Protein chains: 2
Amino acid sequence: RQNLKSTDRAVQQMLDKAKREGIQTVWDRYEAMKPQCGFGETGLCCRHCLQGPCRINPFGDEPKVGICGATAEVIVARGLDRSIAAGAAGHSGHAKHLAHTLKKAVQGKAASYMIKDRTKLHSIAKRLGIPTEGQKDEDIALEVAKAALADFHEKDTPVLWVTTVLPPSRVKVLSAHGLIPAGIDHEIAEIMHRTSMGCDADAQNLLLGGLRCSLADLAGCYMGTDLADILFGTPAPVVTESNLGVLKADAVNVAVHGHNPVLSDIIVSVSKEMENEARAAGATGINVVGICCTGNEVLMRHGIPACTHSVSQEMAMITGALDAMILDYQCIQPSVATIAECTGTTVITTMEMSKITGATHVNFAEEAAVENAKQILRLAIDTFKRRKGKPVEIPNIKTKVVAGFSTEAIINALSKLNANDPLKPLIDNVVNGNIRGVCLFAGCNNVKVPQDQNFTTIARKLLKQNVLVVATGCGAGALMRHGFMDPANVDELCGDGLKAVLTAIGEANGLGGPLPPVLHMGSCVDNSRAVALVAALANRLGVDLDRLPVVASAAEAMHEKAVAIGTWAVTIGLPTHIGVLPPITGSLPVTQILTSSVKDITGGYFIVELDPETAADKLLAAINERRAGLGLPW
Amino acid sequence: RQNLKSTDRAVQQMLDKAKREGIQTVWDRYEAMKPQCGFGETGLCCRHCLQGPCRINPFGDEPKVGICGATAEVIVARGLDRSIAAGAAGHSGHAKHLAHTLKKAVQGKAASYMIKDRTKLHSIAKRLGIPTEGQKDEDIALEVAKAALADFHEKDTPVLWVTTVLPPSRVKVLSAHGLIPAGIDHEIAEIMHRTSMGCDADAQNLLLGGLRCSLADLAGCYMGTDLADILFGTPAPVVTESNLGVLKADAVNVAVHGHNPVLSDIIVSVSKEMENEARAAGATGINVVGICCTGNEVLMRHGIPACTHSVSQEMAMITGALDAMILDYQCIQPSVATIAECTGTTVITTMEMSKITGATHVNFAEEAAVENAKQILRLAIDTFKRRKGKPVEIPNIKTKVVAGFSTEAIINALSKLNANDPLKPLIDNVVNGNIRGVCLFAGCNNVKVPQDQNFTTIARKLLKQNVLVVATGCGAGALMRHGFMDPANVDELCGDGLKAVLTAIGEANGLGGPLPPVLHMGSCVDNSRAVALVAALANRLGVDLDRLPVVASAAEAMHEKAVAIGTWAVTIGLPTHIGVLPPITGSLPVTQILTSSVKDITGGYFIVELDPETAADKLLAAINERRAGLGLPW
Ligand code: SF4
Ligand code: SF4
Ligand code: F3S
Ligand code: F3S
Ligand code: FES
Ligand code: FES
Ligand SMILES: [Fe+3]
Ligand SMILES: [Fe+3]
Ligand code: NI
Ligand code: NI
């Protein structure tokens, strides 16, 4: 019954192949884990010192308290805070990598990289207060890179990738509650300190710390998007395809997987240089395809087709046609290294801090990026030769995907309706009800949830109710693989008001047709683009973000990064749905803070709801409450 | 049977009182936790994403692997690395607090603080390369504080509080393995990143990262000692007392508990100013007593008597005579806040990131330290008045404690035997066998181990075999409470060779008697002082630390900080005993790295041994192996 595992037909087909070949998958490893520990599920477990492990029974008799005296409240809040810090750290590593790449590029130390988007460079400099008039671009960029690195530590200003990206009224609310981060890595360390044994032991205090660390995560996301746009170009609308059918038996199929475009962008360019070398090996060329966020990055900037996402990543290998999987860090199931020996795929790690036993490691240095890419791609070509004559099973399943909707691109599209007030047509249509509100789908797939089922079920209900839907990360991946990024599906999916707006925008952009049903805003760091759009709307309207009819949904969340993103969505003022249970239910006081009393602090709040049709109703209620608060019909 | 819980008679007496009063203790909460989870005990549990909790059976059938494919090796190494990062973070917060205090002091923003040890200031400046000739002390100190803060982040130098405190040959070995930290908070964040889902998944790679983060912990320890010595004075030999009998029914009894002398040092000075105000309230005065590291800090610098330590901290309250417990952060059982309502004690938190529900919070700002201290101490005086006429039960049990053996003080003591080559008399007596080697006892008490039993059992065996024993933290606390810091016990405890050396040193220092059986080197950050001594010996001999007959023992370890300290002891080259099981036994490959193959990387290694007489034999074998490698009899 493969539809219980994934709603993606291509994934189902590969699940059948894996089963008859005896190749264990993530779903099999989940089945082998059941029943999962109920202490961990509820958050009522602590291993923060060597007197543990400690646990607390959700109900009944002892144990009721940790050995040191830590209550359920404390234990739950500490575990949650550590997850937020871990998510922030992954974003810290990604953004910091980009900042070092930009610095090296403009210092002449990494000639494969350059300032591709000078307009974005200057507009970031202006946002930060860095002077541009009379300055060389390379010096402006050096100052931007230095400012990015400075936000990792304490200094005489707070984290500018928070305070310069949200409207002053939001910054004021956050400052009044002590929530503005002092430095990105500073906050990560402070979380790890305060949550260590015998430190912070007040749930509200712990959770305020977590909100602040989530803003350090936001800063890392925003910095990552900013720097990748400078280096690799700001996305604009592009047309491509998704799902396993984008693999080609007669090509060298190379997946880029992980997160940082410092790696994947060069793989894309260098692969085009090597087309004749691939052809000498009997291939048609090198077919680069994307998995997870780094796939999203190259999809957004270059139209590289997306192979698959998140929980189903192993299935690309099961086709037998995946010659190489080129990795950097984050969200890579380490099972890929063992599956590769069964499928023939060459799995290649590239980052010193992210190795997998059994995978080939090829260090990738920005200073030698082109040469390191050629070494990697020659391993892929060799692998293609080894499967000469071997049958492959690529499901002939793909969707059309229109993407590339950076905030700059959205504003440009709207400007065709109103050149000097581009946000006004969007606002006008919220007011007249053609657009009920906005929902951002974000985050991962999670083996506990049939793959994509929550994203598609919720998105369908919202689209029929005229909600403008935007998406990032593997939420965008779920939606694209089910046709939600194909404008041919607007009539089927969209309410009449939303269809009218998507059509009016599309026709004014010369498309002869509408924008797609869902706007793909990019990778998970590119949730920052949604922040830029929402902050721009708030500024245009003269209200704070917690008055806008905008919600978020991490409908199938998995990674610590998704916990961090959901927490900063709450902190900036949004009603934020999570469609899997975070480890909080073991403390009613913590649950009540996160789902209710945080409204009084930031105006946002979590909506924890595992049933997707119920979650859609709750999301619509949250949007409609925001509409009523603005005096609008709903 | 209270001797099964603690070997300290005073603690036993208070356990009996707590039992008849119905006051739950840490031992009761431990009993209620049994049997503890065997997945957590072995390290075979992961909660690093929302697909978890995952576990692996140590033996038998499925589950054998985490849902994402993470092996036992990976899961164990990731959990260990996060513990190291958490320990480093606690040390980051402590050192950073001191650096900000020093900066404020010399900028005129915190007049309660000053440069007390100008010699230490100048010798730190010289060690770091900061010019002193022709400079004002306040400017030198500003540069030292700036250098301390700079070591938290990446810059054009590595962490100087690693590279300037170990000999070049050690730094070279560590650099060859990529182990020198780039920045303290940078490494903490990198650990949290690499251990997040879908990142590093190679045990050896993960553990190398952990070794590097442990050096970030060492830098925080060393920075903490350096800055506290500048601000509050370098310790020199002092005589005081320990155990609950240091409480006085007729005084206002105030415990300082937690970690940072920025708080406790001012409590000590201000309490003396308030003696007439305490007397107006009917007390004899304010009797400041120490718990845990901040108690050690004021013991070492001012001879403030130590009340108790670590696992037995609640027992101070059970006397009924503890009027106030003044907290900052780390190692404070949060049970103290509920026990206070039973005992009448006023528990006061002071740090924004370390609150306890039910405790009174009085913010403590360096800028207002004296005034904030008076507010705190007036709460203590009010509490004393409330117990007028109430019987108290203070066990009449105390030991004499000689302490204050900073490395500077040890060198000075030795200089009375050899003025211009002070380390030579120590080396001479190692060579002639009067001193077999050196053992550092460090770390906590742990409820799993009858309190102090491992420290005292191991120390007795080593002292009889002529080992020079030094101690810090609650290891020093255990030893002092059992008489190991009283020179009157030298004849009973020490082998003839060690007694001869302690006597020769003591007589040359005018004592008419020996140094104490164990030298108290201070708080847990002051494990850095032992590093300074051992590095000085290595430099004097022209060999690396992994050739010296020096070992460490975290005999009853508890906190993540103790895991970090033990890991850096290994990383700098020492055989390092741990007397409780860290969560590693679920992976034989990880255990083998930590106990054996790390020898080939750093020359140090863990000795995991829960039986203390066996651990003593293993420690002596390690010392004697080092002696043999130097060509010495043993
Ligand atoms: S910190 Fe407290 S609750 Fe956590 S493992 Fe240690 S004793 Fe148990
Ligand atoms: S990171 Fe892997 S092993 Fe850990 S909880 Fe998630 S799926 Fe399980
Ligand atoms: S890249 Fe990773 S953070 Fe979630 S959105 Fe996709 S599994
Ligand atoms: S102060 Fe804490 S780190 Fe251990 S040595 Fe004492 S319980
Ligand atoms: S008792 Fe299962 S997660 Fe700890
Ligand atoms: S299963 Fe008990 S510590 Fe997780
Ligand atoms: Fe991602
Ligand atoms: Fe301590
Ligand atoms: Ni994501
Ligand atoms: Ni300690």
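All C-alpha pair distances within region B:260-345, sorted into 10 Å bins from zero, spread as 17, 48, 33, 2 percent across the bins.
The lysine pair tally for region B:1-92, using Cα distances under 24 Å and a gap of 8 or more places or different chains, is 5.
Pairs of C-alpha atoms in region B:281-428 farther apart than 17 Å represent 69 percent of all such pairs. Could I get the Rg over Rh figure for region A:271-316? Both from C-alpha atoms, Rh via Kirkwood, rounded to two places. On the Cα set of region A:271-316, Rg over Rh gives 1.07. Shielding value for A:68-77 is 4, the average number of Cβ atoms from other chains within 10 Å of each residue's Cβ.
Compare the peptides B:427-433, B:293-299 by average per-residue count of other Cβ atoms within 10 angstrom and give them in order, highest first.
Working: B:427-433: 16.6, B:293-299: 29.6.
My ranking of the peptides, most packed first, is B:293-299, B:427-433.
Take each residue in B:353-360, count the other chain C-beta atoms within 10 Å of its C-beta, and the mean is 6.
Put +1 on the Cβ of each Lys and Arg and -1 on the Cβ of each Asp and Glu in chain B; which of B:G79, B:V65, B:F39 then has its Cα farthest toward the positive end of the dipole? So the residue furthest toward the plus end is B:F39. Of the GluC sites (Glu not before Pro) found in region B:60-168, those in coil by DSSP whose Cβ has at most 11 other Cβ atoms within 10 Å are B:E133. In order along region B:221-228, the Karplus-derived 3J(HN,Hα) couplings, from 6.51 cos²θ - 1.76 cosθ + 1.60 at θ = phi - 60°, round to 4, 5, 4, x, 4, 3, 5, 5 Hz, and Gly and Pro are given as x.
Counting only DSSP H runs of at least 4 residues, each contributing -39500 (n - 2.57), and dividing by the residue count of chain B, the helix-based mean residue ellipticity at 222 nm comes to -15000 deg cm²/dmol. Based on Cα contacts under 8 Å between residues 6+ apart, region B:177-245 shows a relative contact order of 36 percent. Eigenvalues of the alpha-carbon gyration tensor of region B:570-622, scaled by 5 and square-rooted, set the equivalent ellipsoid semi-axes at 17, 15, 8 angstrom, largest first. Label positions at A:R20 and A:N412, each projected 7 Å from the Cα along the C-beta direction, are separated by 4.8 nm. Past the 22 Å Cα-Cα mark, which pairs from B:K116/B:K416; B:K109/B:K561; B:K400/B:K448; B:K120/B:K499; A:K155/B:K103? The pairs that break the limit, which is 22 Å between Cα atoms, are B:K116/B:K416; B:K109/B:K561; B:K400/B:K448; B:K120/B:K499. Work from the charge dipole of region A:93-134 (Cβ charges, +1 for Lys and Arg, -1 for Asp and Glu, about the Cα centre) and give the residue of A:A125, A:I115, A:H94 farthest towards its positive end. Result: A:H94.
Cross-link reach is defined here as a Cα-Cα straight distance under 12 Å, omitting same-chain residues fewer than 8 places apart; for B:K398 the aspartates and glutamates meeting it are B:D8, B:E241, B:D486.
Peptides A:81-91, B:398-408, B:494-504 ranked from most to least packed by the mean count of surrounding Cβ atoms within 10 Å: A:81-91, B:398-408, B:494-504. When both region A:311-383 and region A:4-29 are represented by their alpha-carbon centers, they are found 21 Å apart. For chain B, a simple Cβ point-charge model (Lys and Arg +1, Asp and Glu -1, everything else neutral) yields a dipole of about 740 debye relative to the Cα centre. Overall dimensions of chain B, expressed as equivalent-ellipsoid semi-axes from the Cα gyration tensor (√(5λ), whole Å, largest first), are 34, 30, 27. Inter-chain Cβ neighbour count for A:555-565, averaged per residue, equals 3 (cutoff 10 Å, partner chain atoms only).
For region B:328-345, the Karplus equation 6.51 cos²θ - 1.76 cosθ + 1.60, evaluated at θ = phi - 60°, returns couplings of 10, 6, 6, 6, 8, 4, x, 3, 4, 5, 7, 4, 3, 5, 7, 9, x, 5 Hz by residue, with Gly and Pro reported as x. Residue ranges A:506-515, B:452-461 sort as B:452-461, A:506-515 when ordered by packing (mean number of other C-beta atoms within 10 Å per residue, highest first). Over region B:407-634, the ratio between the Cα radius of gyration and 2.2 N^0.38 Å evaluates to 0.95. Over region B:302-374, the alpha carbon radius of gyration divided by the compact-protein estimate 2.2 N^0.38 Å works out to 1.12. Note on the protein assembly as shown: the alpha carbon radius of gyration divided by the globular reference 2.2 N^0.38 Å gives 0.94.
Each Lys and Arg adds +1 at its Cβ and each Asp and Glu adds -1 at its Cβ; summed about the Cα centre, region A:61-235 shows a dipole of about 560 debye.
Coordinate-derived values only; no laboratory data. When we count neighbours, we look across all protein chains shown, and the Cβ atoms used for this are built from the backbone with ideal geometry, even at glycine.
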